[PDB]
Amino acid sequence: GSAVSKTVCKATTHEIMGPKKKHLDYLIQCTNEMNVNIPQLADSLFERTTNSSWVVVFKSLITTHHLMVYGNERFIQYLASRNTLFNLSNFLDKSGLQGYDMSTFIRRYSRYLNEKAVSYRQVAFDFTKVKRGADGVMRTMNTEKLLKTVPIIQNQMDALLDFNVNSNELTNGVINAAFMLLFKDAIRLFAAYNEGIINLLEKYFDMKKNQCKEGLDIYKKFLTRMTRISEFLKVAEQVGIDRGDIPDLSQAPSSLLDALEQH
């Protein structure tokens, strides 16, 4: 409570760096305790986002993202249960140049976190965390749910990619901490998107005709998103990310010729 609220404050001070590991680890432990009240924890994070300073607000966003990734699932479950999440579409800190330049990224980052919650609410699992492979969810899913789901991923991916940062804009510790988390989410989200396309192609011939048509439209949009992903990983390459962590895209885009199995 007070110990929770104080830690939220420490995670979100005016200092120009991401939240410290020590405050983050305590918060993650908080999400794991059955007696902690999640809503009060969340509310303290939303309050920090009404501050006028870009640094405070960005750190609060980052703390929230880190909890959605490393915290107990009950945290993102609560976030998804609300009606309103972040409302920072018009944020602008004019106190200094860094302010003006960071404001745009705050807007875009907060929209991605909203979409991450909405996606959880729509499908009841986190795309980033579920079993991959051949024995996992994305892959062993009936044709109905599939046609339903893939479009939600696409939408979450689009919001992720609208962050649209260049190498030369990654110039302070706050925006870099955000980007590292965005990188992690992007790679897991891609894996899940790809697993679904694989399911589709597998099933795209044995299926009804109007289905086939929804299908086609997804494969379609996947191929342009492929291009955007690759531009995003190239930013990561330019910044210096270990090339071993960057995934190989050389995989599944040559078959656009079922645009004729609508024979």
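Residue indices: 1-based, along the sequence shown. The term rigid core refers to the most C-alpha atoms you can superpose between the two forms while keeping them within 1.5 Å.
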Taking the root mean square of C-alpha distances over all structures and residues in 6 other deposited structures of this protein, with a rigid core superposition, name the larger of 218-226 and 61-69.
218-226
On average, which has the higher Cα B-factor in the deposited entry, 28-36 or 195-203?
195-203
So 131-139 or 83-91, which one's hotter by mean CA B-factor in the entry?
131-139
Quiz for you: based on the deposited Cα B-factor, which of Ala236, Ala42, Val69, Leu216 is highest?
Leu216
Residue, from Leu249, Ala11, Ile16, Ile246, that the PDB entry assigns the highest Cα B-factor:
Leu249
Third assignment of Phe58 from its chain's C-alpha B-factors
lowest
Chain thirds by Cα B factor, record data; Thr64 belongs to the lowest
Can you work out whether the C-alpha temperature factor of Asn164 puts it in the lowest, middle or highest third of the chain?
middle
Per the entry's values, where does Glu115 land by CA temperature factor relative to the rest of its chain, in the lowest, middle or highest third?
lowest
Sorting the chain's modelled residues by C-alpha B-factor and splitting them into thirds places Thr149 in the highest
